[PDB]
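Trainee: below is the sequence, then the experimental coordinates.
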Amino acid sequence: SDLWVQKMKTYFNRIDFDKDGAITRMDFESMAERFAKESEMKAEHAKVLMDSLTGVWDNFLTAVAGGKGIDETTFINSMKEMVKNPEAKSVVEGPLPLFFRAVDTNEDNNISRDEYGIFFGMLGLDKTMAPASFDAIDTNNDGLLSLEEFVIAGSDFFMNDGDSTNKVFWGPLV
């Protein structure tokens, strides 16, 4: 699947923030303190950010190699075969509820268009690209991203191997 290797390589290249070459506890802890310090956000968020980022690795990404980090080969080999099972969903969908409270830079429990744009700026992207994913995630039509919207759009990007508007949940395709 061409669509699967393009969208899952998008997520691997955008989530390896620490640059060691593998998705491990180092990327989540390095991303929490570097995300809190590099852009304009509510100062207090570093403890909230370190708690949801340590929870995403400890409770969900950790179950892939039973403790140790994950390379691009092991991520594509393990996740491409595990998605063919209709009930393995929660090991791949589980990071969306804890990532929602990590991107919430204003301290409200709803993410806006320029907040999602500062998240894109930290990965190394332009704010003009953020509307293509933001407007595709806003299911209820409020002009903000709620918890239900973020989990529906991420569930489609991570498990449905089709095209449509929710195929860009992480910016430009690698």
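Mentor: Nice, thanks for sending it over. Numbers count the residues shown, from 1 in each chain.

Trainee: quick check: the spatially most central residue of the chain vs residue 1, distance?
Mentor: Geometric centre of the chain, nearest residue: residue 99, 6.2 Å, by Cα atoms, centre = their mean. The gap separating residue 99 from residue 1 is 24 Å, by Cβ to Cβ, to the nearest Å. Bear in mind the C-beta positions are built from the backbone N, C-alpha and C, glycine included.

Trainee: list the helices and strands the helix or strand hosting residue 150 packs on?
Mentor: For residue 150, the enclosing helix or strand under DSSP states H and E is helix 147-159. On a contact count with 3 or more Cβ pairs under 8 Å, 6 or more residues apart in numbering; DSSP states H and E, helix 147-159 meets helix 2-15, helix 89-93, helix 95-103, helix 130-137.

Trainee: just the CA coordinates of the last one, formatted as PDB?
Mentor: Right, helix 130-137. Taking C-alpha atoms only, helix 130-137 is exported to PDB below (Å, rounded to 0.1, in the frame of the first residue of the first chain):
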ATOM      1  CA  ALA A 130      -2.500  23.800   8.700                       C
ATOM      2  CA  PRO A 131      -6.200  24.600   7.300                       C
ATOM      3  CA  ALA A 132      -6.100  21.400   5.100                       C
ATOM      4  CA  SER A 133      -5.900  19.200   8.300                       C
ATOM      5  CA  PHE A 134      -7.700  21.600  10.800                       C
ATOM      6  CA  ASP A 135     -10.900  22.100   8.600                       C
ATOM      7  CA  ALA A 136     -10.900  18.300   7.800                       C
ATOM      8  CA  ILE A 137     -10.800  17.500  11.700                       C
END
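
Trainee: list the buried residues in it.
Mentor: 130, 133, 134, 136, 137 (16 or more other Cβ atoms under 10 Å).

Trainee: same deal with the longest one?
Mentor: Within helix 2-15, the residues scored as buried using 16+ other Cβ under 10 Å are 7, 8, 10, 11, 12, 14, 15.

Trainee: with the shortest one instead?
Mentor: Of the residues in helix 89-93, those with enough neighbours to count as buried (16+ other Cβ under 10 Å) are 91, 92, 93.

Trainee: do the third one as well
Mentor: With burial defined by 16+ other Cβ under 10 Å, the residues of helix 95-103 counted as buried are 95, 96, 97, 98, 99, 100, 101, 102, 103.

Trainee: other SSEs contacting that helix?
Mentor: helix 45-59, helix 113-123, helix 147-159.
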